[PDB]
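K.L.:
One file is attached below, target-v7.cif, containing mmCIF, C-alpha atoms.
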data_data
#
loop_
_atom_site.label_atom_id
_atom_site.label_comp_id
_atom_site.auth_asym_id
_atom_site.auth_seq_id
_atom_site.Cartn_x
_atom_site.Cartn_y
_atom_site.Cartn_z
CA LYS A 7 107.22 113.02 142.16
CA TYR A 8 108.03 116.56 140.95
CA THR A 9 107.35 115.36 137.42
CA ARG A 10 103.62 114.99 138.20
CA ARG A 11 102.77 118.71 138.37
CA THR A 12 103.23 119.62 134.70
CA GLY A 13 104.79 116.53 133.11
CA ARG A 14 108.23 118.20 133.02
CA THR A 15 111.16 116.97 135.09
CA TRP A 16 113.46 119.06 137.28
CA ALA A 17 115.94 119.10 134.39
CA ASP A 18 113.25 120.47 132.04
CA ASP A 19 112.77 123.30 134.48
CA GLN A 20 116.43 124.00 135.04
CA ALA A 21 116.61 125.04 131.36
CA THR A 22 113.77 127.51 131.85
CA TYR A 23 115.26 129.01 134.99
CA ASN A 24 118.64 129.43 133.27
CA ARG A 25 116.89 131.16 130.36
CA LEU A 26 114.87 133.50 132.60
CA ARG A 27 117.79 134.30 134.91
CA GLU A 28 120.08 135.06 131.99
CA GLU A 29 117.59 137.46 130.39
CA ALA A 30 117.07 139.38 133.64
CA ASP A 31 120.78 139.75 134.33
CA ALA A 32 121.28 140.84 130.71
CA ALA A 33 118.59 143.48 131.20
CA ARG A 34 120.16 144.84 134.38
CA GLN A 35 123.56 144.85 132.65
CA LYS A 36 122.15 147.33 130.12
CA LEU A 37 121.91 149.94 132.86
CA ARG A 38 125.69 149.73 133.26
CA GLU A 39 126.18 151.02 129.70
CA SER A 40 126.45 154.74 129.00
CA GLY A 41 124.55 156.87 126.50
CA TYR A 42 120.83 156.43 127.18
CA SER A 43 118.31 159.16 127.86
CA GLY A 44 116.65 159.53 131.25
CA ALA A 45 113.41 158.16 129.80
CA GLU A 46 115.24 155.24 128.15
CA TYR A 47 117.08 154.56 131.40
CA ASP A 48 113.80 154.55 133.36
CA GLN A 49 112.29 151.97 131.01
CA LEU A 50 115.34 149.71 131.11
CA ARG A 51 115.14 149.59 134.90
CA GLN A 52 111.45 148.74 134.77
CA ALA A 53 112.22 145.94 132.30
CA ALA A 54 114.96 144.62 134.55
CA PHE A 55 112.62 144.68 137.54
CA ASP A 56 109.96 142.85 135.54
CA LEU A 57 112.30 140.15 134.22
CA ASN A 58 113.91 139.53 137.59
CA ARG A 59 110.48 139.05 139.15
CA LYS A 60 109.68 136.40 136.53
CA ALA A 61 112.95 134.53 137.10
CA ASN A 62 112.73 134.69 140.89
CA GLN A 63 109.09 133.55 140.77
CA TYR A 64 110.14 130.58 138.65
CA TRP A 65 112.82 129.62 141.18
CA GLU A 66 110.31 129.82 144.03
CA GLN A 67 107.82 127.80 141.97
CA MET A 68 110.43 125.06 141.60
CA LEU A 69 111.09 125.09 145.34
CA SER A 70 107.40 124.83 146.19
CA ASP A 71 106.80 122.03 143.68
CA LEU A 72 109.29 119.83 145.53
CA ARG A 73 106.53 118.55 147.80
CA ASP B 6 131.94 155.17 139.45
CA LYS B 7 128.35 156.37 140.00
CA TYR B 8 127.53 153.05 141.68
CA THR B 9 130.46 153.37 144.09
CA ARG B 10 129.54 157.00 144.74
CA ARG B 11 125.96 156.04 145.62
CA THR B 12 126.60 152.85 147.59
CA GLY B 13 130.15 153.08 148.89
CA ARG B 14 130.76 149.66 147.30
CA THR B 15 132.06 148.51 143.96
CA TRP B 16 129.87 146.64 141.51
CA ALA B 17 132.50 143.89 141.48
CA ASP B 18 132.33 143.41 145.25
CA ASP B 19 128.54 143.47 145.38
CA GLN B 20 128.45 140.95 142.53
CA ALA B 21 130.72 138.70 144.60
CA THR B 22 128.48 139.13 147.66
CA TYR B 23 125.31 138.40 145.68
CA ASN B 24 127.01 135.33 144.19
CA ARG B 25 127.61 133.99 147.71
CA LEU B 26 123.97 134.58 148.68
CA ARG B 27 122.77 133.02 145.39
CA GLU B 28 124.90 129.92 145.97
CA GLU B 29 123.73 129.49 149.58
CA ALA B 30 120.07 129.79 148.58
CA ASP B 31 120.72 127.30 145.77
CA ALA B 32 122.58 124.89 148.06
CA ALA B 33 119.72 124.97 150.57
CA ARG B 34 117.13 124.12 147.90
CA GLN B 35 119.39 121.35 146.62
CA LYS B 36 119.52 120.00 150.18
CA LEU B 37 115.73 120.00 150.31
CA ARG B 38 115.42 118.11 147.01
CA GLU B 39 117.96 115.61 148.39
CA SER B 40 116.16 115.39 151.73
CA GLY B 41 114.38 112.33 153.07
CA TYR B 42 112.74 114.55 155.68
CA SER B 43 108.99 114.99 155.98
CA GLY B 44 106.47 116.90 158.06
CA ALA B 45 107.83 119.79 160.09
CA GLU B 46 111.47 119.06 159.30
CA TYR B 47 110.91 119.15 155.55
CA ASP B 48 108.98 122.38 156.13
CA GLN B 49 111.80 124.01 158.08
CA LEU B 50 114.39 123.14 155.43
CA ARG B 51 111.95 124.46 152.82
CA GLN B 52 111.34 127.70 154.73
CA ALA B 53 115.12 128.07 155.10
CA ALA B 54 115.57 127.75 151.34
CA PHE B 55 112.85 130.35 150.80
CA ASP B 56 114.41 132.78 153.28
CA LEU B 57 117.90 132.48 151.82
CA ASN B 58 116.57 132.94 148.27
CA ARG B 59 114.70 136.08 149.35
CA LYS B 60 117.89 137.45 150.89
CA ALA B 61 119.71 136.81 147.60
CA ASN B 62 116.84 138.21 145.50
CA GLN B 63 116.56 141.38 147.59
CA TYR B 64 120.31 142.03 147.18
CA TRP B 65 120.05 141.76 143.40
CA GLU B 66 117.11 144.17 143.52
CA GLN B 67 119.00 146.66 145.69
CA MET B 68 121.92 146.53 143.26
CA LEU B 69 119.49 147.25 140.42
CA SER B 70 117.96 150.10 142.43
CA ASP B 71 121.41 151.52 143.04
CA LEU B 72 121.98 152.01 139.32
CA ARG B 73 121.25 155.78 139.58
CA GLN B 74 118.30 155.78 142.09
CA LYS C 7 124.26 101.12 200.74
CA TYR C 8 123.50 102.05 197.11
CA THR C 9 123.95 105.69 198.14
CA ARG C 10 127.21 104.89 199.92
CA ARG C 11 128.60 103.28 196.76
CA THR C 12 127.25 105.71 194.13
CA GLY C 13 126.73 109.05 195.85
CA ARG C 14 123.14 108.94 194.50
CA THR C 15 119.78 107.79 195.78
CA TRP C 16 118.01 104.95 194.04
CA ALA C 17 114.98 107.23 193.59
CA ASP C 18 117.09 109.93 191.91
CA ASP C 19 118.70 107.42 189.56
CA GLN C 20 115.33 105.87 188.75
CA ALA C 21 114.11 109.32 187.72
CA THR C 22 117.28 109.85 185.67
CA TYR C 23 116.79 106.46 184.02
CA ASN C 24 113.12 107.24 183.38
CA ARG C 25 114.02 110.39 181.45
CA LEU C 26 116.59 108.55 179.32
CA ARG C 27 114.06 105.78 178.69
CA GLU C 28 111.30 108.19 177.63
CA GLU C 29 113.58 110.10 175.24
CA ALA C 30 114.68 106.80 173.69
CA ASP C 31 111.06 105.73 173.34
CA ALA C 32 109.92 109.08 171.92
CA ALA C 33 112.65 108.90 169.27
CA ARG C 34 111.65 105.41 168.15
CA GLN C 35 108.04 106.58 168.04
CA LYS C 36 109.08 109.64 166.02
CA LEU C 37 110.73 107.28 163.53
CA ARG C 38 107.50 105.29 163.31
CA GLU C 39 105.24 108.30 162.63
CA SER C 40 107.79 110.08 160.45
CA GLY C 41 107.59 109.69 156.73
CA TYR C 42 111.34 109.97 156.61
CA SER C 43 113.32 108.08 154.00
CA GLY C 44 116.91 107.47 152.99
CA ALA C 45 119.71 108.91 155.09
CA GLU C 46 117.35 110.97 157.26
CA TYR C 47 115.53 107.75 158.15
CA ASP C 48 118.85 106.01 158.86
CA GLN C 49 119.90 108.94 161.04
CA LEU C 50 116.75 109.07 163.17
CA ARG C 51 116.96 105.29 163.52
CA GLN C 52 120.60 105.53 164.62
CA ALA C 53 119.62 108.25 167.11
CA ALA C 54 116.88 106.04 168.61
CA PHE C 55 119.36 103.19 168.90
CA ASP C 56 121.91 105.48 170.59
CA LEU C 57 119.47 106.87 173.17
CA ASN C 58 118.22 103.39 173.99
CA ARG C 59 121.79 102.20 174.58
CA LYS C 60 122.22 105.14 176.97
CA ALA C 61 119.05 104.29 178.91
CA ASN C 62 119.97 100.58 178.85
CA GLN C 63 123.50 101.15 180.13
CA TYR C 64 122.20 103.37 182.95
CA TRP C 65 119.87 100.57 184.04
CA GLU C 66 122.76 98.12 183.86
CA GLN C 67 124.97 100.42 185.93
CA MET C 68 122.29 100.72 188.62
CA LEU C 69 122.09 96.92 188.65
CA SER C 70 125.87 96.62 188.96
CA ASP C 71 125.77 99.13 191.80
CA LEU C 72 123.52 96.95 194.01
CA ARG C 73 126.01 95.02 196.17
CA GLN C 74 126.18 92.80 199.28
CA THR D 9 105.00 93.94 160.38
CA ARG D 10 105.03 91.43 157.55
CA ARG D 11 108.16 89.91 159.10
CA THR D 12 106.39 87.57 161.58
CA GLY D 13 102.68 88.21 161.01
CA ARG D 14 102.38 90.06 164.32
CA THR D 15 101.53 93.75 164.54
CA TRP D 16 103.30 96.45 166.50
CA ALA D 17 100.54 96.03 169.09
CA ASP D 18 101.28 92.31 169.45
CA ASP D 19 104.93 93.13 170.03
CA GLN D 20 104.23 95.90 172.54
CA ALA D 21 102.51 93.23 174.67
CA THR D 22 105.68 91.13 174.63
CA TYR D 23 107.99 94.02 175.41
CA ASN D 24 105.83 94.96 178.42
CA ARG D 25 106.26 91.39 179.78
CA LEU D 26 110.01 91.18 179.29
CA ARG D 27 110.64 94.65 180.69
CA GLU D 28 108.38 94.05 183.68
CA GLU D 29 110.05 90.70 184.50
CA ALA D 30 113.55 92.15 184.20
CA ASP D 31 112.61 95.08 186.43
CA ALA D 32 111.13 92.72 189.05
CA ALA D 33 114.33 90.65 188.91
CA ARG D 34 116.52 93.69 189.63
CA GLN D 35 114.16 94.75 192.41
CA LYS D 36 114.72 91.44 194.24
CA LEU D 37 118.26 92.71 194.92
CA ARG D 38 116.73 95.62 196.87
CA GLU D 39 115.70 93.18 199.62
CA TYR D 42 119.69 86.65 200.86
CA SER D 43 123.24 85.29 201.11
CA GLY D 44 126.39 86.02 199.12
CA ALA D 45 126.27 83.80 196.04
CA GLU D 46 122.46 83.79 196.18
CA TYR D 47 122.63 87.56 195.77
CA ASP D 48 125.08 87.04 192.90
CA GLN D 49 122.61 84.60 191.34
CA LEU D 50 119.79 87.16 191.44
CA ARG D 51 122.13 89.67 189.81
CA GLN D 52 123.00 87.28 186.99
CA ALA D 53 119.29 86.62 186.45
CA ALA D 54 118.57 90.35 186.38
CA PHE D 55 121.28 90.88 183.77
CA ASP D 56 120.00 87.96 181.67
CA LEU D 57 116.38 89.17 181.66
CA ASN D 58 117.28 92.79 180.99
CA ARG D 59 119.35 91.70 177.98
CA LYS D 60 116.32 89.83 176.61
CA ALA D 61 114.05 92.88 177.04
CA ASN D 62 116.60 95.29 175.52
CA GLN D 63 117.21 92.94 172.57
CA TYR D 64 113.45 92.87 172.01
CA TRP D 65 113.17 96.67 172.01
CA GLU D 66 116.08 96.88 169.57
CA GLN D 67 114.50 94.24 167.30
CA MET D 68 111.27 96.24 167.20
CA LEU D 69 113.28 99.32 166.20
CA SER D 70 115.19 97.40 163.54
CA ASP D 71 111.97 95.95 162.08
CA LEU D 72 110.47 99.38 161.39
#
Rewrite the structure from the file as structure tokens, please.
P.N.:
Amino acid sequence: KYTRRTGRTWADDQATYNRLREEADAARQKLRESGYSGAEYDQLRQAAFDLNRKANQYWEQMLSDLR
Amino acid sequence: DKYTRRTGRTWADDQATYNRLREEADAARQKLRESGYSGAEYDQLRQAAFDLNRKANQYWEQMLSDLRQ
Amino acid sequence: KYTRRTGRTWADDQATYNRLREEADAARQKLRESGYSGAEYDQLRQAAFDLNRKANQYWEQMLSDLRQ
Amino acid sequence: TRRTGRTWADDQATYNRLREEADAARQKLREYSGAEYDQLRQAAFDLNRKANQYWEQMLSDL
């Protein structure tokens, strides 16, 4: 019954989650590298916060679409 | 180095902790998808999955916050 | 005489049996109103069966305990 | 529900009967001679088994 919401199956959505989760973790990983300016570092954190929110929201959307 | 200074924990250890929380949230959602429950019991399993995921998400976000400030 | 044999009054055992009977009946009813499926349906159904057996055996023990 | 044509409500009526008759049978032993008492016990056991089997068949038909 999950398939009804958008036409996609669970497996369709697992590929999106993987994608989104990987990009957020990659963005956080950047802040472990040395060399950036304070301004650059600030922006990278914001980007990591933004991308994690998207990935987490997608996970919670999948959970809620189960009923 | 800076992370361990700020938190008292190593990135490696916190990554392992987060991984355990991630897996437990994921296993709870998988149990819901597998569940023949309905009504209040489905709800409770669903709320449990939500709560565990939030615990895992908040840990990731604290780790991100602890990269400098 | 029932009290001499069992240590319990008939009235007390009737109330004990009534509780076991109601819980058995509530569980079967829960299965009927539930929209459960699969293993969770099988489990609730097994639970209802198990509680009924407990209520049924209590009734049968009270019957056995009526003597002379 | 489709298994005999009767509804749950039809079967509830039967269960009430069987349970009531078995309970009345057991109650007769709360009032006979030796083997006459044993007879009433065997009847009580027989009728309880019928009522229990009927409850379990209603559960299994759900």
K.L.:
Could you state which residues are captured by the PyMOL selection byres ((chain B) within 9 of (chain A)) in this file, as JSON, numbers by chain?
P.N.:
{"B": [34, 37, 38, 47, 51, 54, 55, 58, 59, 62, 65, 66, 69, 70, 72, 73]}
K.L.:
Just want the 6 Å neighbourhood of range 48-60 of chain C, counted on all atoms listed in the file, with same-chain residues fewer than 2 positions away dropped. Output as a list in words.
P.N.:
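Skipping anything fewer than 2 positions along the chain leaves residues 30, 33, 34, 45, 46, 62 and 63 of chain C.
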K.L.:
Once you count all atoms listed in the file, which residues of chain C turn out to be within 10 Å of chain B? Could you give them as a PDB file with C-alpha atoms, in the frame of the given file?
P.N.:
ATOM      1  CA  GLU C  39     105.240 108.300 162.630  1.00  0.00           C
ATOM      2  CA  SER C  40     107.790 110.080 160.450  1.00  0.00           C
ATOM      3  CA  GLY C  41     107.590 109.690 156.730  1.00  0.00           C
ATOM      4  CA  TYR C  42     111.340 109.970 156.610  1.00  0.00           C
ATOM      5  CA  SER C  43     113.320 108.080 154.000  1.00  0.00           C
ATOM      6  CA  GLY C  44     116.910 107.470 152.990  1.00  0.00           C
ATOM      7  CA  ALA C  45     119.710 108.910 155.090  1.00  0.00           C
ATOM      8  CA  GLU C  46     117.350 110.970 157.260  1.00  0.00           C
ATOM      9  CA  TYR C  47     115.530 107.750 158.150  1.00  0.00           C
ATOM     10  CA  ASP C  48     118.850 106.010 158.860  1.00  0.00           C
TER      11      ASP C  48
END
K.L.:
So which one's closest to chain C, D:10, D:60, D:27, D:38? Using all atoms listed in the file, please.
P.N.:
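Closest to chain C, using all atoms listed in the file: D:38.
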K.L.:
Please evaluate the PyMOL selection byres ((chain C) within 7 of (chain D)) against the structure above and give the resulting residues as a list in words.
P.N.:
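In the shown coordinates, the PyMOL selection byres ((chain C) within 7 of (chain D)) covers residues 34, 38, 69, 72 and 74 of chain C.
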K.L.:
So that all listed atoms of range 27-41 of chain A fit with 5 Å spare on each side, what axis-aligned box centre and edge lengths in Å, to one decimal, would you give as AutoDock Vina command-line options?
P.N.:
--center_x 121.8 --center_y 145.6 --center_z 130.7 --size_x 19.4 --size_y 32.6 --size_z 18.4
K.L.:
Quick check, in Å to one decimal: how far apart do CA of residue 19 in chain C and CA of residue 67 in chain C lie?
P.N.:
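If I compute the distance from CA of residue 19 in chain C to CA of residue 67 in chain C, I get 10.1 Å.
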K.L.:
Distance CA of residue 26 in chain A-CA of residue 27 in chain B, one decimal place?
P.N.:
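Result for CA of residue 26 in chain A versus CA of residue 27 in chain B: 15.0 Å, one decimal.
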K.L.:
I would like the residues chosen by the PyMOL selection byres ((chain C and resi 21-25) around 10) on the shown file; could you give them as a PDB file with C-alpha atoms, in the coordinates of the input?
P.N.:
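Generated output (part-v3.pdb):
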ATOM      1  CA  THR C  15     119.780 107.790 195.780  1.00  0.00           C
ATOM      2  CA  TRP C  16     118.010 104.950 194.040  1.00  0.00           C
ATOM      3  CA  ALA C  17     114.980 107.230 193.590  1.00  0.00           C
ATOM      4  CA  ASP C  18     117.090 109.930 191.910  1.00  0.00           C
ATOM      5  CA  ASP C  19     118.700 107.420 189.560  1.00  0.00           C
ATOM      6  CA  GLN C  20     115.330 105.870 188.750  1.00  0.00           C
ATOM      7  CA  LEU C  26     116.590 108.550 179.320  1.00  0.00           C
ATOM      8  CA  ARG C  27     114.060 105.780 178.690  1.00  0.00           C
ATOM      9  CA  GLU C  28     111.300 108.190 177.630  1.00  0.00           C
ATOM     10  CA  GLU C  29     113.580 110.100 175.240  1.00  0.00           C
ATOM     11  CA  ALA C  30     114.680 106.800 173.690  1.00  0.00           C
ATOM     12  CA  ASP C  31     111.060 105.730 173.340  1.00  0.00           C
ATOM     13  CA  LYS C  60     122.220 105.140 176.970  1.00  0.00           C
ATOM     14  CA  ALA C  61     119.050 104.290 178.910  1.00  0.00           C
ATOM     15  CA  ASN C  62     119.970 100.580 178.850  1.00  0.00           C
ATOM     16  CA  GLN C  63     123.500 101.150 180.130  1.00  0.00           C
ATOM     17  CA  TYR C  64     122.200 103.370 182.950  1.00  0.00           C
ATOM     18  CA  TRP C  65     119.870 100.570 184.040  1.00  0.00           C
ATOM     19  CA  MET C  68     122.290 100.720 188.620  1.00  0.00           C
TER      20      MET C  68
END
K.L.:
Record the distance separating CA of residue 9 in chain D and CA of residue 57 in chain D, expressed in Å with one decimal.
P.N.:
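It comes out at 24.6 Å.
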K.L.:
Identify which of the residues A:56, A:46, A:71, A:64 lies closest to residue 30 in chain A, counting all atoms listed in the file when measuring atom-to-atom distances.
P.N.:
A:56
